[PDB]
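First comes one chain, alone, set out as structure tokens in the form solved without adenosine-5'-diphosphate.
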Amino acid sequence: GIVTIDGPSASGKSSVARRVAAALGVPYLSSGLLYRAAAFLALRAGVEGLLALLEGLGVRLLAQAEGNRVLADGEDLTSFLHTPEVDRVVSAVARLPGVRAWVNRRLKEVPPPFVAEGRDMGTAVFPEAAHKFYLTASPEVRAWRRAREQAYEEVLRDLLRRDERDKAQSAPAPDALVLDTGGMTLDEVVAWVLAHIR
């Protein structure tokens, strides 16, 4: 089946999901590669017009443990998705609600099993997932952690604004197991998630 790991910004969800997918021996999936594909295709085609292009070409995300692939009209584009120009354009495309909906439609076509990570994987995309988790922590601890890697106050202020957006747009899935990660190492969180997957 499907494991969803959702959480707010600076929640360590991507690192936890990669470790959980590796432990289970299934692919890790996120939205990043699809946003990059949309940007690359918009650039290559020289493009509402973006969505007609994406839908028109036919895009598929292939979930593979060694590294996911993105095909457009049957062509593997994966290796072309990390250029500076894709980097510039992807920031902008990710912000379009219609592109977000398109990414969701493509994720929904990926057959299980996999560990999907994001904010709304267990609600907007895979509400039928058998194993849903929401990793939460106070904004202070997430800021404290991120600041170790700006000052605490700068990061905290940024996180508070991101949390406000997240809360106004979504809530954890009702059947998701919620874990406050405060006080736990990455290993502990990974272990906790796996201990809860029957």
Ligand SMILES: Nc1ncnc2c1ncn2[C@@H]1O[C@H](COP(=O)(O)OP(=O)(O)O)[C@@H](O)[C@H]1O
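Quick note: we count residues from 1 along the sequence shown, nothing fancier.
There is another form of the same protein, the form solved in complex with adenosine-5'-diphosphate; it is not shown, and what comes next is about it.
Judged by the 2.4 Å clash test against backbone and C-beta atoms, the pocket of this chain is blocked once adenosine-5'-diphosphate is superposed from its pose in the deposited bound form, as three or more ligand atoms violate the cut-off.
When you look in the deposited bound form, the only residue of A176, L179, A10, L24 with a non-hydrogen atom within 4.5 Å of adenosine-5'-diphosphate is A10. In the deposited bound form, adenosine-5'-diphosphate sits within 4.5 Å of a heavy atom of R145. Within this chain, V20 is remote from the site of adenosine-5'-diphosphate in the deposited bound form, having no heavy atom within 4.5 Å. Taking the partner from the other structure, adenosine-5'-diphosphate in the deposited bound form has no heavy atom within 4.5 Å of any heavy atom of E48. At the 4.5 Å threshold, heavy atoms of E149 reach adenosine-5'-diphosphate in the deposited bound form. Taking adenosine-5'-diphosphate as positioned in the deposited bound form, the residues of 176-194 that bring a heavy atom within 4.5 Å of it are, in sequence order, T181, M184, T185, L186, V189. A summary of the domain motion between the shown form and the other one places the hinge between the two rigid parts at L29, out of the options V93, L29, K132, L54.
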